[PDB]
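Colleague: 1 is the number of the first residue of the sequence shown in the deposited numbering; add one for each residue after it.
Think of the CB as a built atom: it goes at the ideal place given N, C-alpha and C, for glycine as much as any other residue.
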Amino acid sequence: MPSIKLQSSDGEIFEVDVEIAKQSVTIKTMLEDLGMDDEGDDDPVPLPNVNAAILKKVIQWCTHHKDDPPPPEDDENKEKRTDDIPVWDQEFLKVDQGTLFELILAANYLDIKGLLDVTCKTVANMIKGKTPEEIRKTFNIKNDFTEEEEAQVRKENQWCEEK
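1. Exposed or buried, what is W159 when buried is set at 16 or more other beta-carbons lying within 10 Å of its beta-carbon?
2. Verify whether the separation of the beta carbon atoms of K142 and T131 is less than 7 Å.
3. Return the Cβ separation of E91 and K163 in integer angstroms, given the expectation that the two are a contact with Cβ distance under 8 Å.
4. Could you pull out every unbroken beta strand (DSSP E) segment of at least 3 residues lying fully inside the region 11-66, listed in chain order?
5. With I104 as the anchor, note down where its alpha helix (DSSP H) starts and where it stops.
6. Classify residue 172 as helix, strand or coil using the three-state DSSP reduction.
7. Quick one: any contact between the region 44-51 and the region 2-13, if contact means 3 or more CB pairs under 8 Å?
8. Assuming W88 is part of the alpha helix (DSSP H), what are its boundary residues?
9. Is it buried or exposed for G35, if we count other Cβ within 10 angstroms and need 16 for buried?
10. Using three-state DSSP, classify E133 as helix, strand or coil.
11. From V45 to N157, what does the alpha carbon distance come to, in whole angstroms?
Below, the structure written as structure tokens:
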């Protein structure tokens, strides 16, 4: 199996498995256009969007999501529609905002709405899971029956800190 060749904005080229990069939507067009996919260390095309600092996190997100643990025998699906986030994703929602912020934007121009949604859910989680504007707080964000709230329809909160 070959791999994807892409060069970050500052000139730091990255090579990694093409199956993971398949999650990146704007990469498939790039792959057919100037990718060719021959050996994987192919001619590097510069991407003026992200540098190697952020890109590694974005493409490693794709790393696990193509490799998510296959269903054993009884329950044949992975998820219905966003129900159980893997330990891979989990760590990216407890990190510094410097990386967390770009995780949304980096995903935007790559069209990985999967990545974008998970981090967006978490950023908006701290308020009320509503509109993700911090300026919303002027009118109290958006009423969402926070009077109840205790139902906690999520669980899986072991509170295992560190990484």
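Modeller: According to the structure data:
1. Numbered from its first residue, the sequence shown carries residue 159 at position 159. Classification of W159: exposed, given that the 10 Å Cβ count is below 16.
2. As a first step, residue 142 must be located in the sequence shown, where it is residue number 142. As a first step, residue 131 must be located in the sequence shown, where it is residue number 131. Cβ distance < 7 Å, so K142 and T131 count as in contact.
3. For this step, residue 91 is matched to residue 91 along the sequence shown. For this step, residue 163 is matched to residue 163 along the sequence shown. About 5 Å separates the two Cβ atoms, so the contact holds.
4. 13-17
5. By 1-based counting over the sequence shown, the position of residue 104 is 104. Element bounds for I104: 97-110.
6. No information on residue 172 is available, as it lies outside the stretch 1 to 163 that the chain covers here.
7. yes
8. Sequence index remark: in the sequence shown, residue 88 carries index 88 (1-based). Bounds of the alpha helix (DSSP H) holding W88 are 87-92.
9. Along the sequence shown, one-based indexing puts residue 35 at 35. It is buried - the Cβ of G35 has at least 16 other Cβ atoms within 10 Å.
10. Reading the sequence shown from its first residue, position 133 is the one you call residue 133. Here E133 sits in coil by DSSP.
11. Walking along the sequence shown from the start, residue 45 turns up at place 45. Walking along the sequence shown from the start, residue 157 turns up at place 157. Approximately 42 Å, taken between the alpha carbons.
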